[PDB]
$ cat data.cif   # mmCIF, C-alpha atoms and all ligand atoms
data_target
loop_
_atom_site.group_PDB
_atom_site.id
_atom_site.type_symbol
_atom_site.label_atom_id
_atom_site.label_comp_id
_atom_site.auth_asym_id
_atom_site.auth_seq_id
_atom_site.Cartn_x
_atom_site.Cartn_y
_atom_site.Cartn_z
ATOM 1 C CA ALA W 1 -148.444 -138.851 -157.378
ATOM 2 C CA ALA W 2 -146.981 -135.957 -155.345
ATOM 3 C CA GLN W 3 -148.667 -133.946 -152.627
ATOM 4 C CA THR W 4 -146.691 -130.795 -151.835
ATOM 5 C CA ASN W 5 -146.576 -129.290 -148.329
ATOM 6 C CA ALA W 6 -147.901 -132.482 -146.846
ATOM 7 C CA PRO W 7 -147.904 -133.119 -143.077
ATOM 8 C CA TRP W 8 -144.334 -134.138 -142.202
ATOM 9 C CA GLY W 9 -145.415 -137.727 -141.339
ATOM 10 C CA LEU W 10 -146.723 -138.394 -144.822
ATOM 11 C CA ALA W 11 -143.593 -136.943 -146.397
ATOM 12 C CA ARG W 12 -141.469 -139.107 -144.035
ATOM 13 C CA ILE W 13 -143.263 -142.330 -144.925
ATOM 14 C CA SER W 14 -142.322 -141.829 -148.574
ATOM 15 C CA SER W 15 -138.772 -140.678 -147.979
ATOM 16 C CA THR W 16 -135.303 -142.146 -147.434
ATOM 17 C CA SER W 17 -134.410 -139.066 -145.371
ATOM 18 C CA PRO W 18 -136.003 -136.743 -142.792
ATOM 19 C CA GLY W 19 -136.596 -133.107 -143.520
ATOM 20 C CA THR W 20 -138.678 -133.149 -146.717
ATOM 21 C CA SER W 21 -142.286 -131.961 -147.124
ATOM 22 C CA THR W 22 -143.711 -133.697 -150.206
ATOM 23 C CA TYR W 23 -145.642 -136.953 -149.970
ATOM 24 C CA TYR W 24 -145.074 -139.381 -152.883
ATOM 25 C CA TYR W 25 -147.455 -142.308 -153.457
ATOM 26 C CA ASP W 26 -148.929 -144.488 -156.210
ATOM 27 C CA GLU W 27 -152.220 -142.930 -157.382
ATOM 28 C CA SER W 28 -154.053 -146.192 -156.662
ATOM 29 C CA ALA W 29 -153.983 -144.794 -153.124
ATOM 30 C CA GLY W 30 -155.490 -147.778 -151.299
ATOM 31 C CA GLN W 31 -158.500 -147.937 -153.596
ATOM 32 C CA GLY W 32 -160.438 -151.178 -153.096
ATOM 33 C CA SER W 33 -159.099 -151.604 -149.565
ATOM 34 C CA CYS W 34 -160.809 -151.022 -146.249
ATOM 35 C CA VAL W 35 -159.549 -149.762 -142.920
ATOM 36 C CA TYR W 36 -161.402 -150.140 -139.653
ATOM 37 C CA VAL W 37 -160.555 -147.499 -137.075
ATOM 38 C CA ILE W 38 -161.469 -148.879 -133.665
ATOM 39 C CA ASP W 39 -161.596 -145.861 -131.462
ATOM 40 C CA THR W 40 -163.901 -142.981 -130.330
ATOM 41 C CA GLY W 41 -165.608 -143.061 -133.744
ATOM 42 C CA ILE W 42 -165.220 -141.035 -136.957
ATOM 43 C CA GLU W 43 -166.900 -137.826 -137.954
ATOM 44 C CA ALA W 44 -167.848 -139.272 -141.392
ATOM 45 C CA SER W 45 -169.309 -135.936 -142.573
ATOM 46 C CA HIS W 46 -165.917 -134.262 -142.468
ATOM 47 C CA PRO W 47 -165.183 -132.915 -146.020
ATOM 48 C CA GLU W 48 -161.795 -134.581 -145.710
ATOM 49 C CA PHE W 49 -163.329 -138.089 -145.932
ATOM 50 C CA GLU W 50 -165.207 -137.371 -149.161
ATOM 51 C CA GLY W 51 -167.983 -139.822 -148.452
ATOM 52 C CA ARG W 52 -165.473 -142.661 -147.998
ATOM 53 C CA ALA W 53 -165.983 -142.887 -144.224
ATOM 54 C CA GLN W 54 -168.876 -144.598 -142.421
ATOM 55 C CA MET W 55 -169.682 -145.531 -138.821
ATOM 56 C CA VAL W 56 -170.488 -149.255 -138.722
ATOM 57 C CA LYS W 57 -170.723 -149.956 -134.973
ATOM 58 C CA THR W 58 -170.936 -148.356 -131.550
ATOM 59 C CA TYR W 59 -171.279 -149.741 -127.978
ATOM 60 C CA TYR W 60 -172.574 -146.433 -126.668
ATOM 61 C CA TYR W 61 -175.683 -144.301 -126.976
ATOM 62 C CA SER W 62 -174.286 -142.651 -130.065
ATOM 63 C CA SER W 63 -171.928 -143.534 -132.917
ATOM 64 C CA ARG W 64 -170.790 -139.892 -133.143
ATOM 65 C CA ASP W 65 -167.175 -139.116 -132.273
ATOM 66 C CA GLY W 66 -167.689 -136.710 -129.382
ATOM 67 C CA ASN W 67 -163.968 -136.700 -128.734
ATOM 68 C CA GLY W 68 -161.926 -136.162 -131.924
ATOM 69 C CA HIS W 69 -159.282 -138.851 -131.306
ATOM 70 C CA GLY W 70 -160.921 -141.448 -133.593
ATOM 71 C CA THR W 71 -161.477 -138.794 -136.235
ATOM 72 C CA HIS W 72 -157.819 -137.714 -136.111
ATOM 73 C CA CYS W 73 -156.667 -141.333 -136.445
ATOM 74 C CA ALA W 74 -158.996 -142.055 -139.391
ATOM 75 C CA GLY W 75 -157.769 -138.836 -141.006
ATOM 76 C CA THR W 76 -154.185 -140.131 -140.917
ATOM 77 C CA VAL W 77 -155.296 -143.449 -142.413
ATOM 78 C CA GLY W 78 -157.287 -142.027 -145.311
ATOM 79 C CA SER W 79 -158.325 -138.346 -145.360
ATOM 80 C CA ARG W 80 -157.682 -136.624 -148.686
ATOM 81 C CA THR W 81 -155.144 -134.127 -147.279
ATOM 82 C CA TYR W 82 -153.824 -135.842 -144.121
ATOM 83 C CA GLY W 83 -154.134 -139.498 -145.102
ATOM 84 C CA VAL W 84 -151.669 -142.129 -146.254
ATOM 85 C CA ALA W 85 -154.282 -144.106 -148.267
ATOM 86 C CA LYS W 86 -156.317 -141.330 -149.837
ATOM 87 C CA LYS W 87 -158.763 -143.667 -151.622
ATOM 88 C CA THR W 88 -159.370 -146.350 -148.942
ATOM 89 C CA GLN W 89 -162.799 -147.029 -147.394
ATOM 90 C CA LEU W 90 -162.863 -146.134 -143.701
ATOM 91 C CA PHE W 91 -165.116 -147.948 -141.164
ATOM 92 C CA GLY W 92 -165.552 -146.575 -137.629
ATOM 93 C CA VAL W 93 -166.089 -148.840 -134.645
ATOM 94 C CA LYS W 94 -166.749 -146.886 -131.465
ATOM 95 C CA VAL W 95 -165.314 -148.944 -128.577
ATOM 96 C CA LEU W 96 -164.174 -145.783 -126.746
ATOM 97 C CA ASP W 97 -166.506 -143.275 -125.147
ATOM 98 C CA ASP W 98 -166.278 -139.533 -125.649
ATOM 99 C CA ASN W 99 -163.710 -139.344 -122.841
ATOM 100 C CA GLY W 100 -161.515 -141.779 -124.815
ATOM 101 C CA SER W 101 -162.154 -144.532 -122.278
ATOM 102 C CA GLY W 102 -163.382 -148.081 -122.826
ATOM 103 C CA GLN W 103 -163.867 -151.256 -120.820
ATOM 104 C CA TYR W 104 -161.655 -154.073 -122.103
ATOM 105 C CA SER W 105 -164.795 -156.184 -122.627
ATOM 106 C CA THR W 106 -166.185 -153.611 -125.134
ATOM 107 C CA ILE W 107 -162.799 -153.332 -126.852
ATOM 108 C CA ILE W 108 -162.725 -157.108 -127.268
ATOM 109 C CA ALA W 109 -166.257 -157.107 -128.596
ATOM 110 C CA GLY W 110 -165.250 -154.448 -131.175
ATOM 111 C CA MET W 111 -162.340 -156.582 -132.380
ATOM 112 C CA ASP W 112 -164.494 -159.670 -132.786
ATOM 113 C CA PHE W 113 -167.059 -157.485 -134.559
ATOM 114 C CA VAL W 114 -164.586 -156.375 -137.222
ATOM 115 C CA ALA W 115 -163.465 -159.997 -137.768
ATOM 116 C CA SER W 116 -167.078 -160.827 -138.741
ATOM 117 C CA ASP W 117 -168.056 -157.478 -140.192
ATOM 118 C CA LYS W 118 -165.392 -157.533 -142.941
ATOM 119 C CA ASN W 119 -167.588 -160.245 -144.507
ATOM 120 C CA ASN W 120 -170.288 -157.566 -144.891
ATOM 121 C CA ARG W 121 -167.977 -155.077 -146.607
ATOM 122 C CA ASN W 122 -166.562 -154.813 -150.109
ATOM 123 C CA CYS W 123 -162.759 -154.885 -149.760
ATOM 124 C CA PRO W 124 -161.298 -156.765 -152.734
ATOM 125 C CA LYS W 125 -157.746 -155.504 -152.056
ATOM 126 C CA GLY W 126 -157.849 -156.460 -148.366
ATOM 127 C CA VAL W 127 -158.755 -155.379 -144.827
ATOM 128 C CA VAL W 128 -156.820 -153.442 -142.157
ATOM 129 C CA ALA W 129 -157.679 -152.510 -138.558
ATOM 130 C CA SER W 130 -156.100 -149.559 -136.722
ATOM 131 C CA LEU W 131 -156.190 -149.773 -132.900
ATOM 132 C CA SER W 132 -154.874 -146.619 -131.288
ATOM 133 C CA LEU W 133 -155.652 -147.745 -127.757
ATOM 134 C CA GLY W 134 -154.364 -149.925 -124.984
ATOM 135 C CA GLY W 135 -154.033 -150.525 -121.264
ATOM 136 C CA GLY W 136 -152.285 -152.973 -118.970
ATOM 137 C CA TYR W 137 -151.486 -156.513 -120.030
ATOM 138 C CA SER W 138 -154.548 -158.702 -120.618
ATOM 139 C CA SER W 139 -154.385 -162.139 -122.174
ATOM 140 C CA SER W 140 -158.022 -161.780 -123.324
ATOM 141 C CA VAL W 141 -157.354 -158.479 -125.100
ATOM 142 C CA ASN W 142 -154.277 -159.936 -126.795
ATOM 143 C CA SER W 143 -156.235 -163.033 -127.793
ATOM 144 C CA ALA W 144 -158.916 -160.854 -129.361
ATOM 145 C CA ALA W 145 -156.275 -158.977 -131.368
ATOM 146 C CA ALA W 146 -154.791 -162.341 -132.388
ATOM 147 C CA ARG W 147 -158.238 -163.535 -133.593
ATOM 148 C CA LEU W 148 -158.832 -160.429 -135.650
ATOM 149 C CA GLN W 149 -155.424 -160.910 -137.297
ATOM 150 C CA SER W 150 -155.993 -164.630 -137.877
ATOM 151 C CA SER W 151 -159.330 -163.866 -139.552
ATOM 152 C CA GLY W 152 -157.522 -162.044 -142.411
ATOM 153 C CA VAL W 153 -157.277 -158.456 -141.104
ATOM 154 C CA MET W 154 -153.924 -156.646 -140.960
ATOM 155 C CA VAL W 155 -153.967 -155.524 -137.365
ATOM 156 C CA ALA W 156 -151.941 -152.452 -136.375
ATOM 157 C CA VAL W 157 -151.839 -151.428 -132.684
ATOM 158 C CA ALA W 158 -150.232 -148.631 -130.704
ATOM 159 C CA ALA W 159 -147.238 -149.547 -128.568
ATOM 160 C CA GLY W 160 -148.398 -147.154 -125.851
ATOM 161 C CA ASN W 161 -147.200 -143.812 -124.467
ATOM 162 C CA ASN W 162 -145.509 -144.699 -121.187
ATOM 163 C CA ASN W 163 -141.838 -144.513 -122.277
ATOM 164 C CA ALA W 164 -141.836 -148.120 -121.094
ATOM 165 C CA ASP W 165 -141.497 -151.677 -122.389
ATOM 166 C CA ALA W 166 -144.667 -152.530 -124.312
ATOM 167 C CA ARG W 167 -144.565 -156.155 -123.166
ATOM 168 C CA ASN W 168 -146.670 -154.903 -120.205
ATOM 169 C CA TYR W 169 -149.467 -153.439 -122.335
ATOM 170 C CA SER W 170 -152.311 -154.852 -124.450
ATOM 171 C CA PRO W 171 -152.951 -155.282 -127.329
ATOM 172 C CA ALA W 172 -149.407 -153.882 -127.772
ATOM 173 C CA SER W 173 -147.779 -157.063 -126.399
ATOM 174 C CA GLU W 174 -149.589 -159.468 -128.753
ATOM 175 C CA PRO W 175 -146.920 -161.132 -130.964
ATOM 176 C CA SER W 176 -149.124 -161.830 -133.997
ATOM 177 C CA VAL W 177 -150.193 -158.192 -134.629
ATOM 178 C CA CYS W 178 -148.221 -155.161 -135.804
ATOM 179 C CA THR W 179 -147.135 -153.089 -132.792
ATOM 180 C CA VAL W 180 -146.226 -149.503 -133.681
ATOM 181 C CA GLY W 181 -143.881 -147.138 -131.831
ATOM 182 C CA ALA W 182 -143.741 -143.343 -132.471
ATOM 183 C CA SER W 183 -140.997 -141.081 -133.920
ATOM 184 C CA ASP W 184 -140.576 -137.309 -134.451
ATOM 185 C CA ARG W 185 -139.694 -135.221 -137.500
ATOM 186 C CA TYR W 186 -135.996 -135.365 -136.554
ATOM 187 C CA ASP W 187 -136.032 -139.193 -136.540
ATOM 188 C CA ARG W 188 -135.870 -139.410 -132.768
ATOM 189 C CA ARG W 189 -137.932 -141.940 -130.933
ATOM 190 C CA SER W 190 -140.802 -139.881 -129.536
ATOM 191 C CA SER W 191 -140.141 -139.156 -125.876
ATOM 192 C CA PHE W 192 -143.375 -140.889 -124.747
ATOM 193 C CA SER W 193 -143.104 -143.876 -127.097
ATOM 194 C CA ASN W 194 -143.052 -147.367 -125.608
ATOM 195 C CA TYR W 195 -140.342 -149.706 -126.849
ATOM 196 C CA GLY W 196 -139.235 -153.326 -126.444
ATOM 197 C CA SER W 197 -138.959 -156.609 -128.344
ATOM 198 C CA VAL W 198 -142.748 -156.655 -128.998
ATOM 199 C CA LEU W 199 -142.474 -153.616 -131.299
ATOM 200 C CA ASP W 200 -142.567 -154.351 -134.990
ATOM 201 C CA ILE W 201 -142.175 -150.908 -136.524
ATOM 202 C CA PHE W 202 -142.089 -147.123 -135.950
ATOM 203 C CA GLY W 203 -144.168 -144.472 -137.681
ATOM 204 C CA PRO W 204 -144.516 -140.689 -137.297
ATOM 205 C CA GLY W 205 -146.217 -139.814 -133.985
ATOM 206 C CA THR W 206 -145.020 -136.427 -132.758
ATOM 207 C CA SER W 207 -146.843 -133.276 -133.898
ATOM 208 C CA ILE W 208 -149.162 -135.003 -136.413
ATOM 209 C CA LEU W 209 -151.666 -132.815 -138.260
ATOM 210 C CA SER W 210 -154.985 -134.482 -139.122
ATOM 211 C CA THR W 211 -158.735 -134.140 -139.073
ATOM 212 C CA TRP W 212 -160.729 -133.241 -135.984
ATOM 213 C CA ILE W 213 -164.394 -133.093 -135.003
ATOM 214 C CA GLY W 214 -166.454 -130.011 -135.901
ATOM 215 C CA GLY W 215 -164.947 -130.364 -139.396
ATOM 216 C CA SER W 216 -161.641 -128.916 -138.197
ATOM 217 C CA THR W 217 -158.003 -130.007 -137.994
ATOM 218 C CA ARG W 218 -155.334 -130.226 -135.298
ATOM 219 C CA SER W 219 -151.872 -131.407 -134.508
ATOM 220 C CA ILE W 220 -151.535 -133.906 -131.668
ATOM 221 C CA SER W 221 -149.002 -136.572 -130.576
ATOM 222 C CA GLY W 222 -148.974 -140.278 -129.629
ATOM 223 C CA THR W 223 -148.366 -143.853 -130.701
ATOM 224 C CA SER W 224 -152.048 -143.345 -131.470
ATOM 225 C CA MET W 225 -150.860 -141.147 -134.387
ATOM 226 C CA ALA W 226 -148.083 -143.498 -135.540
ATOM 227 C CA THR W 227 -150.442 -146.494 -135.742
ATOM 228 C CA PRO W 228 -152.745 -145.077 -138.484
ATOM 229 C CA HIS W 229 -149.672 -144.274 -140.624
ATOM 230 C CA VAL W 230 -148.820 -147.942 -140.570
ATOM 231 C CA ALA W 231 -152.468 -149.028 -141.066
ATOM 232 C CA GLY W 232 -152.808 -146.654 -144.043
ATOM 233 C CA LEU W 233 -149.442 -147.879 -145.389
ATOM 234 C CA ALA W 234 -150.665 -151.479 -145.190
ATOM 235 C CA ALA W 235 -153.895 -150.623 -147.044
ATOM 236 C CA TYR W 236 -151.869 -148.826 -149.741
ATOM 237 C CA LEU W 237 -149.461 -151.740 -150.117
ATOM 238 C CA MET W 238 -152.330 -154.210 -150.294
ATOM 239 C CA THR W 239 -154.054 -152.342 -153.117
ATOM 240 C CA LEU W 240 -150.683 -152.299 -154.937
ATOM 241 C CA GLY W 241 -150.620 -156.101 -154.580
ATOM 242 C CA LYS W 242 -147.267 -155.951 -152.781
ATOM 243 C CA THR W 243 -148.528 -157.799 -149.710
ATOM 244 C CA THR W 244 -151.539 -159.326 -147.899
ATOM 245 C CA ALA W 245 -153.133 -159.014 -144.442
ATOM 246 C CA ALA W 246 -151.126 -161.914 -143.090
ATOM 247 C CA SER W 247 -147.733 -160.693 -144.307
ATOM 248 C CA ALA W 248 -148.043 -156.881 -144.347
ATOM 249 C CA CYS W 249 -146.380 -156.223 -140.976
ATOM 250 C CA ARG W 250 -143.391 -158.329 -142.052
ATOM 251 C CA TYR W 251 -143.374 -156.671 -145.451
ATOM 252 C CA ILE W 252 -143.335 -153.212 -143.848
ATOM 253 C CA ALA W 253 -140.494 -154.229 -141.526
ATOM 254 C CA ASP W 254 -138.645 -155.771 -144.480
ATOM 255 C CA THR W 255 -138.890 -152.588 -146.598
ATOM 256 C CA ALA W 256 -138.494 -150.077 -143.716
ATOM 257 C CA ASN W 257 -135.832 -147.398 -143.363
ATOM 258 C CA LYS W 258 -133.317 -149.203 -141.110
ATOM 259 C CA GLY W 259 -130.984 -147.914 -138.425
ATOM 260 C CA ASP W 260 -132.092 -144.280 -138.865
ATOM 261 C CA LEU W 261 -133.859 -143.560 -135.579
ATOM 262 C CA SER W 262 -132.115 -142.165 -132.525
ATOM 263 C CA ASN W 263 -132.769 -143.130 -128.880
ATOM 264 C CA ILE W 264 -133.955 -146.605 -129.805
ATOM 265 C CA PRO W 265 -133.262 -148.753 -126.714
ATOM 266 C CA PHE W 266 -130.960 -151.716 -127.215
ATOM 267 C CA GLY W 267 -133.048 -154.704 -128.365
ATOM 268 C CA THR W 268 -135.849 -152.633 -129.919
ATOM 269 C CA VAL W 269 -136.158 -152.617 -133.735
ATOM 270 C CA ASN W 270 -134.781 -149.532 -135.485
ATOM 271 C CA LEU W 271 -137.213 -149.583 -138.437
ATOM 272 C CA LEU W 272 -139.289 -146.672 -139.745
ATOM 273 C CA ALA W 273 -142.301 -147.308 -142.013
ATOM 274 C CA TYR W 274 -141.537 -146.444 -145.617
ATOM 275 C CA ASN W 275 -143.564 -146.971 -148.792
ATOM 276 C CA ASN W 276 -140.554 -147.521 -151.101
ATOM 277 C CA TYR W 277 -142.415 -145.598 -153.748
ATOM 278 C CA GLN W 278 -140.325 -144.538 -156.716
ATOM 279 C CA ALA W 279 -142.183 -141.630 -158.307
HETATM 280 CA CA CA K 1 -146.285 -157.711 -132.452
#

$ encode --input "data.cif" --output "structure tokens"
Amino acid sequence: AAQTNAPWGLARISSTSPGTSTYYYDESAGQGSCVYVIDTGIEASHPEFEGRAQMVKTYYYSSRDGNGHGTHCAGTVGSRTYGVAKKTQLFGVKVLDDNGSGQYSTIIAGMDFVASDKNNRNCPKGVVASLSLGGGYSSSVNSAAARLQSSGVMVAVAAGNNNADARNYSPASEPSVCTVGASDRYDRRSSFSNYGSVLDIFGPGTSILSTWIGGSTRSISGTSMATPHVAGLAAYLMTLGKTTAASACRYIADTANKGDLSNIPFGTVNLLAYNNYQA
């Protein structure tokens, strides 16, 4: 399948080179997979989600996304125009309030929720969780991320936006999950992207167009935006049967574009998520 004039991130994920604008992907498109977006929620009524999005949990007085961040992220995972996995099922877990803030205890609870809740969902091709959030190092937060992964969920987490080593952030520093740095459309490490040995992969994160609340769209930037590219990629690869929740981060690293990013600090992986799709 070919989607012309796609957001640059989508085009990049299916390309061996920067500077193209068509997104190429197998038409299976993550059908039969599920992706949990653990964030400010998802505006499920957005036309871009086509009925494939649902709020399953909130820790606040509403499950509505009163922010937009969670909706943007979900849109990159699986919206029809802005998504990597255009046929995946999207589940929203609101651990962040409408200011984008959340106590670590609520974040942990949301992770443990998804680890159980996948048993209440129909996801024959496999389960992914996208966590575009973080804060300072916490062993409890990392442990929760490690549980969710161990349970059979491909966990993708943002490296963080401090232009700093991600070892000092959580869940970014958890070894057993997929930690995702950000790049721009010129294959530069995004200026705000964290780095370090704990990173597993890079995805597009600068100037990323996706869904927003009020049924709109916008371009914003962050390792928050890179993460859902990787989560969507994992869902897509799982429906194709190429990989599984346990091995998908390795598989993505294995099949990544290698050595192509600039301003990657010494000792950080130079790997850019790539679907290796041959149209
Ligand atoms: Ca990791």

$ closest_residue --input "data.cif" --among "W:80, W:12, W:185, W:167" --to "ligand CA 1 (chain K)" --atoms "all atoms listed in the file"
W:167

$ axis_aligned_box --input "data.cif" --around "region 69-73 of chain W" --padding-each-side "3 Å" --output "lines of an AutoDock Vina configuration file"
center_x = -159.1
center_y = -139.6
center_z = -133.9
size_x = 10.8
size_y = 9.7
size_z = 11.1

$ residues_near_point --input "data.cif" --point "(-158.2, -148.9, -135.1)" --cutoff "7 Å" --atoms "all atoms listed in the file" --output "mmCIF file with C-alpha atoms, keeping the file's coordinate frame"
data_model
loop_
_atom_site.group_PDB
_atom_site.id
_atom_site.type_symbol
_atom_site.label_atom_id
_atom_site.label_comp_id
_atom_site.auth_asym_id
_atom_site.auth_seq_id
_atom_site.Cartn_x
_atom_site.Cartn_y
_atom_site.Cartn_z
ATOM 1 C CA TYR W 36 -161.402 -150.140 -139.653
ATOM 2 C CA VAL W 37 -160.555 -147.499 -137.075
ATOM 3 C CA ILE W 38 -161.469 -148.879 -133.665
ATOM 4 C CA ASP W 39 -161.596 -145.861 -131.462
ATOM 5 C CA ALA W 129 -157.679 -152.510 -138.558
ATOM 6 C CA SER W 130 -156.100 -149.559 -136.722
ATOM 7 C CA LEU W 131 -156.190 -149.773 -132.900
ATOM 8 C CA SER W 132 -154.874 -146.619 -131.288
#

$ closest_residue --input "data.cif" --among "W:187, W:254, W:260, W:174" --to "ligand CA 1 (chain K)" --atoms "only C-alpha atoms and all ligand atoms"
W:174

$ resolve_selection --input "data.cif" --expression "the PyMOL selection byres (((chain W and resi 146) around 9) and not hetatm)" --output "PyMOL selection string"
chain W and resi 141-145+147-151+155+171+174-177

$ residues_around --input "data.cif" --residues "residue 226 (chain W)" --least-positions-apart "4" --cutoff "9 Å" --atoms "only C-alpha atoms" --output "number ranges by chain"
W: 9, 73, 76, 132, 158, 180-183, 202-206, 208, 221-222, 230-231

$ resolve_selection --input "data.cif" --expression "the PyMOL selection byres (((chain W and resi 265-271) around 10) and not hetatm)" --output "PyMOL selection string"
chain W and resi 165+181+189+194-203+252-264+272-274

$ resolve_selection --input "data.cif" --expression "the PyMOL selection byres (((chain W and resi 97-100) around 6) and not hetatm)" --output "CSV table (one decimal) with C-alpha atoms, in the coordinates of the input"
chain,number,residue,atom,x,y,z
W,40,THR,CA,-163.9,-143.0,-130.3
W,66,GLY,CA,-167.7,-136.7,-129.4
W,67,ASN,CA,-164.0,-136.7,-128.7
W,96,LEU,CA,-164.2,-145.8,-126.7
W,101,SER,CA,-162.2,-144.5,-122.3

$ atom_distance --input "data.cif" --atom1 "CA of residue 162 (chain W)" --atom2 "CA of residue 193 (chain W)"
6.4 Å

$ residues_around --input "data.cif" --residues "residue 88 (chain W)" --least-positions-apart "4" --cutoff "9 Å" --atoms "only C-alpha atoms" --output "ChimeraX atom specification"
/W:29-35,52-53,77-79,232,235-236

$ write_last_selection --input "data.cif" --atoms "C-alpha atoms" --output "PDB file, in the coordinates of the input"
ATOM      1  CA  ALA W  29    -153.983-144.794-153.124  1.00  0.00           C
ATOM      2  CA  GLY W  30    -155.490-147.778-151.299  1.00  0.00           C
ATOM      3  CA  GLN W  31    -158.500-147.937-153.596  1.00  0.00           C
ATOM      4  CA  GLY W  32    -160.438-151.178-153.096  1.00  0.00           C
ATOM      5  CA  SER W  33    -159.099-151.604-149.565  1.00  0.00           C
ATOM      6  CA  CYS W  34    -160.809-151.022-146.249  1.00  0.00           C
ATOM      7  CA  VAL W  35    -159.549-149.762-142.920  1.00  0.00           C
ATOM      8  CA  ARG W  52    -165.473-142.661-147.998  1.00  0.00           C
ATOM      9  CA  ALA W  53    -165.983-142.887-144.224  1.00  0.00           C
ATOM     10  CA  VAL W  77    -155.296-143.449-142.413  1.00  0.00           C
ATOM     11  CA  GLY W  78    -157.287-142.027-145.311  1.00  0.00           C
ATOM     12  CA  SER W  79    -158.325-138.346-145.360  1.00  0.00           C
ATOM     13  CA  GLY W 232    -152.808-146.654-144.043  1.00  0.00           C
ATOM     14  CA  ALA W 235    -153.895-150.623-147.044  1.00  0.00           C
ATOM     15  CA  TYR W 236    -151.869-148.826-149.741  1.00  0.00           C
TER      16      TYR W 236
END

$ residues_around --input "data.cif" --residues "residue 135 (chain W)" --least-positions-apart "5" --cutoff "9 Å" --atoms "only C-alpha atoms" --output "compact mmCIF listing (two decimals) with C-alpha atoms, in the frame of the given file"
# COMPACT_ATOMS: atom_id res chain seq x y z
CA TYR W 104 -161.66 -154.07 -122.10
CA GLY W 160 -148.40 -147.15 -125.85
CA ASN W 168 -146.67 -154.90 -120.20
CA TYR W 169 -149.47 -153.44 -122.34
CA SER W 170 -152.31 -154.85 -124.45
CA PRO W 171 -152.95 -155.28 -127.33
CA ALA W 172 -149.41 -153.88 -127.77

$ atom_distance --input "data.cif" --atom1 "CA of residue 250 (chain W)" --atom2 "CA of residue 115 (chain W)"
20.6 Å

$ closest_residue --input "data.cif" --among "W:179, W:243, W:64, W:47" --to "residue 159 (chain W)" --atoms "all atoms listed in the file"
W:179
